[PDB]
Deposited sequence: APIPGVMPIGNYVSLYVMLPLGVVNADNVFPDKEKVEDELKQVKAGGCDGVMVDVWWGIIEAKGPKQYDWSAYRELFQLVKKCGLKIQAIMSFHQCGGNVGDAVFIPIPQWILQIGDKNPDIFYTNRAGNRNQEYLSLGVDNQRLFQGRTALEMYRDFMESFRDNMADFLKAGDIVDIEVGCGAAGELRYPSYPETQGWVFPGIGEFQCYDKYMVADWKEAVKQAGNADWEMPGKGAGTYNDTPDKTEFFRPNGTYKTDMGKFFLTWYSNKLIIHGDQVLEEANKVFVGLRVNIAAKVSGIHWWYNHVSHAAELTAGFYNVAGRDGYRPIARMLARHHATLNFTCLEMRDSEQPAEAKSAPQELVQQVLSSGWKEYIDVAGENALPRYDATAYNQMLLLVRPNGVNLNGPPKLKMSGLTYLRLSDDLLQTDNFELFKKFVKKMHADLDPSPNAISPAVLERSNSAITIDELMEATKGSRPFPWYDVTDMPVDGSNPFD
């Protein structure tokens, strides 16, 4: 039996905090150095392991192709290191802000956007012909349109430059995680619920495959299946703020369940998996042999999860329905690259969502974490929305150790890390910050903050075919979850 009071260190879950947006600004300057230094000191003194920051493509490569300026990011990283903190860096090949609310606006490089004025099909496009300018469509990953480069080559060259220009932070163990941005907002998904085209929760979203590149690919695919005339979804799919039962495509027994529907949903979800595969392959080639994790971010699309159609999942590109696990194939792709899955919604409870949304964040998290663990990858995560209350912190503590602490060794089920959204004035307010420090102590299994490295990143494994990957869609039971955390922020123990 274990010795009373001894907590095995394998129970510890690292806790990182996301830096404010614009910490390095759109002119590639790091302003308010003193304020930031101060915040970093408070975060460290609260026990946090590190911080996460976006490394914005539209800052670094702004002046032109392969003109990279890493100066301000080096100053920031040096400061974080000096405050005793680890760094998670996001390779952010997407747009920051741009709405009236948003305090910062950083588009992708203007020399890319200029290409888009004359070729709007470089962007994800909805069936009405709206272009999302926040990210380059997967349809252009391998199109040599960008002053002699393809999109994948641009991503590769940027990551190589980052590695070479941060070589000393990488050697010293200061940079611990590279999150590779794979879509708008950095997430591996289609931009199916854009605020800029009027989406409001809990709309079903819209398919984002109408650019001419993805269309040429589709037309070829359906011809080979023996159905030349199958079209992409039309008016039957409805629009962003429909509910599934108001559509033909997503109603019970609707189009999604027809042979044409299944064929379309397979193709659509496979193009997203292939895009992830190609982007992470480039990351693995850059970072192989270094002690750093490489991660992809999958957003938690929890609305309509309890509807037969899983319509919001489907429009986002995750073909997850009864009898078809749409996340496990992503995890298996990730495993090939020795990459980590970063998921969201770790704080959410089903009872917090309106009933009409058919929303099940708890069961979604359980499915996705279970499917990643079954593929022998690490899974990390984030809170989806800002939360400062004990209920939220206790839900995240449940998710990071879904069968609580293990006094005999490392837990059976443990997330590899949590990144908290986000450092702000509200978080540092005296009351909230007090609660937050208890959350961090519980993340650490009541151990003291404890600095060593990620594993050495192995080279990507040999390729498997699309069809071998589809074996991973077989449905399975998720691991059983506890109903409450072991280590609530009030210090009690619900098992005594």
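- According to the record, no C-alpha positions are given for deposited positions 452-453 alone, numbered from 1.
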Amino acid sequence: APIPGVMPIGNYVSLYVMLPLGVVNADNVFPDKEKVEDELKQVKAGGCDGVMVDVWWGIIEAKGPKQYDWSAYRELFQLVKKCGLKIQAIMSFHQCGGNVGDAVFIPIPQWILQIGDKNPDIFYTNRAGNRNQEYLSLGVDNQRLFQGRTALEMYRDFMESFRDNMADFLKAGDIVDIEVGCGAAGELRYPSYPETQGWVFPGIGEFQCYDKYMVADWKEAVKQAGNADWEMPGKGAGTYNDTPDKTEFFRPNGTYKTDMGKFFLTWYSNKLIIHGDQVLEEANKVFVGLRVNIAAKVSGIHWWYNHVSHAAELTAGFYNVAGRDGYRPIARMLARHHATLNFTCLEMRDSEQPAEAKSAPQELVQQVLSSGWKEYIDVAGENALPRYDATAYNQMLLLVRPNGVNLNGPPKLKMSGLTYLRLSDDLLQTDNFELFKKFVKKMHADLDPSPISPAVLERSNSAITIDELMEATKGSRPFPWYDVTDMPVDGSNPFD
From here on, numbers count along this sequence of modelled residues.
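- Annotation for 162-170 versus 330-338: the higher mean temperature factor (C-alpha) is found in 162-170.
- The mean C-alpha temperature factor is higher for 419-427 when 178-186 and 419-427 are set side by side.
- Per the deposited coordinates, the residue with the largest Cα temperature factor out of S371, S269, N320, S71 is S71.
- Listed residues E231, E206, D325, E282 were ranked by CA B-factor as deposited; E231 comes out on top.
- Among all modelled residues in this chain, the alpha-carbon of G97 has a temperature factor (C-alpha) in the highest third.
- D242 sits in the middle third of its chain by CA B factor, as recorded in the PDB entry.
- Per the PDB record, residue ranking by Cα B-factor puts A390 in the highest third of the chain.
- Ranked by Cα temperature factor within the chain, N25 sits in the highest third according to the deposited record.
- Among all modelled residues in its chain, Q366 ranks in the lowest third by Cα B-factor.
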